[PDB]
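Below is one structure, written out as structure tokens, with a few remarks after it.
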Amino acid sequence: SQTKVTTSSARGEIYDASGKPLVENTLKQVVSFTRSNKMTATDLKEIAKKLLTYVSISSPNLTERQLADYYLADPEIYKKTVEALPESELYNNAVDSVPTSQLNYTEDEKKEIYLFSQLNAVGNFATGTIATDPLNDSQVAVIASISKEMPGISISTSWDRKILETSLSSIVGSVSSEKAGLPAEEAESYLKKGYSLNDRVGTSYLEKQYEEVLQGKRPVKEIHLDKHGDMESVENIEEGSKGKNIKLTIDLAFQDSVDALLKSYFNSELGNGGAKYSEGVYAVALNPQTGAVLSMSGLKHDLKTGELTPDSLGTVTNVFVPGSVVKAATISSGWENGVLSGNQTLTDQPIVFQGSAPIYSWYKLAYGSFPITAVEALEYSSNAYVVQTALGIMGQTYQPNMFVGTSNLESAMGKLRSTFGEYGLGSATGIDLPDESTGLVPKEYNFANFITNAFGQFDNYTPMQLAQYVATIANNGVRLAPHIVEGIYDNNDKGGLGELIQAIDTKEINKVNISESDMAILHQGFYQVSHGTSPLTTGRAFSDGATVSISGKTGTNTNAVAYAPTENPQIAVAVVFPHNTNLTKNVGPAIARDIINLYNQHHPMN
Ligand SMILES: [Zn+2]
Ligand SMILES: [Zn+2]
Ligand SMILES: [Zn+2]
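Residue numbers (the deposited numbering): 50 to 135, 149 to 617, 630 to 680.
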């Protein structure tokens with residue numbers, strides 16, 4: 050006979066881009082129980098109550114199955130209760159349901175019952191921790207001195223997993239405690255996949271996403287038995303090792319300095335009143351060549367208490383009206399659906415349809431009606447250009463005061479949203495976290511909604527989606543999954559960050575369906591937004607004190635997207651600052667610029 054047993058190892062750890070740890074495996078001293086196939090329930094009760102002399106059990110919360118187990122532990126009682134009923151394993155379960163768990167146990171009794179439950183829970187030949195009230199150093203060394211009196215019992219060392227205080231703590235996630243073994247919701251997934259029931263696993267964010275990587279490789283043994291089933295031999299099969307480590311793409315120092323910037327700007331805008339009803343401000347920076355996440359920062363402003371709190375996860379979980387940043391995706395949809403040809407000229411004019419208020423741009427009537435190319439539409443943030451484009455996806459040509467036919471409305475809204483999805487606006491980003499919001503995208507809508515969607519006043523998107531969108535433009539239409547993890551690494555001698563096992567490779571999701579020369583038109587528009595010399599140029603704030611050439615688009631909402639350097643992009647950034655009523659200066663582009671300059675300082679680009 051041979052019975053094989055699996056024990057757990059140490060979890061791999063999480064490091065920022067410069068090698069600073071984000072978590073900690075901390076060593077404790079613990080009462081351990083190693084169970085033998087030969088211990089009766091009575092042998093367990095004798096061990097539990099010898100142990101109670103040495104430990105403290107103050108908070109005893111017994112489940113009725115635990116109470117029925119302890120009760121049945123008496124051999125005679127177990128017989129008598131089966132005798133009294135209407149496959150041994152089936153009869154245990156049957157006898158179990160038969161006893162009224164309103165038995166009478168003194169409070170001291172309850173404590174041995176608690177201890178028993180702990181011992182009983184341990185598999186044959188397995189080793190599990192016996193939870194007790196914390197043990198000081200002397201209490202421990204008395205147990206160490208008489209533990210030989212108690213079969214199976216010994217002192218040894220275990221782990222707690224701790225998250226260090228850092229600006230990336232929210233994103234690290236948590237791990238299940240030794241006490242609360244596996245999560246019960248997924249209990250079946252994990253036993254199946256291979257795990258034991260007391261395993262410590264990732265339950266949120268990175269710890270969960272990279273659980274397969276972080277989980278220690280287990281020691282495995284086979285115990286050899288004599289003809290009676292008595293342990294004879296301990297033959298090992300696999301020796302265990304610490305889990306592997308992941309190194310993030312984010313540098314703490316960079317992330318810290320973005321957090322400070324957002325906090326600096328948001329308080330200023332509260333200072334002058336512009337941010338009074340704003341829910342907060344969010345920024346995500348990405349490397350457009352690889353999808354690497356440079357930082358994901360968020361500051362939440364509570365509209366009831368006024369309090370400000372860090373909200374990095376807001377970047378992947380909360381949604382916002384995106385405003386005018388999205389105008390390049392609408393033009394793209396115009397090219398895809400045969401509405402627009404190259405850098406086509408349209409008339410900028412108010413758009414007047416039967417049944418709705420006339421549509422204007424930020425400049426209203428100030429320059430009358432005038433011709434405008436696709437580049438200039440982006441430069442000026444023309445609503446006329448994109449509203450005429452959308453009507454054209456619906457198969458129609460604009461004439462003032464037209465009654466609009468809606469037979470092609472669903473078809474049209476689908477084509478628009480499909481292009482938007484090509485840029486990650488309204489679709490999954492691919493980011494390496496368990497659960498991202500994919501936006502607020504209403505399945506019920508009318509014609510006015512379709513039209514407003516075209517200039518970014520209908521569907522709501524997350525800040526991560528808005529970064530992937532500008533990064534896609536910056537990477538010439540090849541949209542890349544954002545990834546917070548940079549590589550998986552081995553452990554070194556001492557157990558810290560060792561050497562590269564495997565880098566996380568760049569992942570292409572799709573290629574936007576527009577020609578190379580169309581994409582060059584978008585690039586010229588974003589460039590003129592920040593370099594133009596018209597009274598209608600919207601984005602010169604991008605270039606004001608810019609240390610590299612910046613291209614971008616401006617966004630009630632003060633949103634902004636940008637990349638740099640223009641000629642060879644190494645950073646793409648989205649800034650989302652909702653319901654800022656400041657009409658005298660727009661801080662969106664200035665935040666975007668200052669994040670770009672911060673990065674250039676930190677990782678020179680040129
Ligand atoms: Zn034997
Ligand atoms: Zn809003
Ligand atoms: Zn730096």
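Note that beta-carbon positions come from the ideal geometry of N, C-alpha and C, so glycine has one too.
Asked: Status (buried if at least 16 other CB within 10 Å, exposed otherwise) for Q271; Found: buried
Asked: Expected contact under 8 Å - CB spacing of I455 and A436 to nearest Å; Found: About 15 Å; that fails the 8 Å criterion.
Asked: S359 CB to nearest heavy atom of ligand 3 below 8 Å; Found: no
Asked: CB of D118 within 9 Å of CB of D158, strictly; Found: yes
Asked: Range covered by the beta strand (DSSP E) that runs through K279; Found: No beta strand (DSSP E) contains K279, which DSSP labels as neither H nor E.
Asked: Span separating the alpha-carbon of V635 from that of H653; Found: 17 Å
Asked: Candidates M581, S431, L487 and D292: closest to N186 by CA position; Found: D292
Asked: Proximity of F178 and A242 at Cβ, strictly below 9 Å; Found: no
Asked: Proximity test, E341 beta-carbon vs ligand 2 heavy atom, cut-off 8 Å; Found: yes
Asked: Nearest candidate by alpha-carbon position, reference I665, set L93, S81, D321 and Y252; Found: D321
Asked: Integer-rounded CB distance, given that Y447 should sit under 8 Å from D410; Found: 7 Å
Asked: Reduced DSSP secondary structure (H/G/I, E/B, other) of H676; Found: helix
Asked: Which residues DSSP lists as bridging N86, in chain order; Found: According to DSSP, which records beta bridges pairwise, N86 is partnered with nothing at all.
Asked: Check: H363 C-beta below 8 Å from any heavy atom of ligand 2; Found: no
Asked: Nearest-residue set for ligand 2, Cβ under 7 Å from any heavy atom; Found: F382, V383, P652 and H653
Asked: Cβ-heavy atom distance, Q51 to ligand 4, below 8 Å; Found: No copy of ligand 4 occurs in the structure displayed; its ligands are ligand 1, ligand 2 and ligand 3 alone.
Asked: First through last residue of the beta strand (DSSP E) which encompasses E300; Found: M293 to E300
Asked: Buried versus exposed call for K362 [16 or more other C-beta atoms within 10 Å across all chains shown]; Found: buried
Asked: Cβ pair count under 8 Å reaching 3, the segment 347 to 366 against the segment 96 to 114; Found: no
Asked: The alpha helix (DSSP H) enclosing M475, as first and last residue numbers; Found: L471 to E484
Asked: Nearest-angstrom Cα separation, counted from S395 out to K477; Found: 7 Å
Asked: At least three beta-carbon pairs within less than 8 Å, the segment 259 to 278 to the segment 234 to 241; Found: yes
Asked: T468 versus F482, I434, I493 and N508, residue with shortest Cα-Cα distance; Found: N508
Asked: Heavy atom of ligand 1 within 8 Å of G291 beta-carbon; Found: yes
Asked: Contact test: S229 Cβ vs ligand 3 heavy atom, cutoff 8 Å; Found: no
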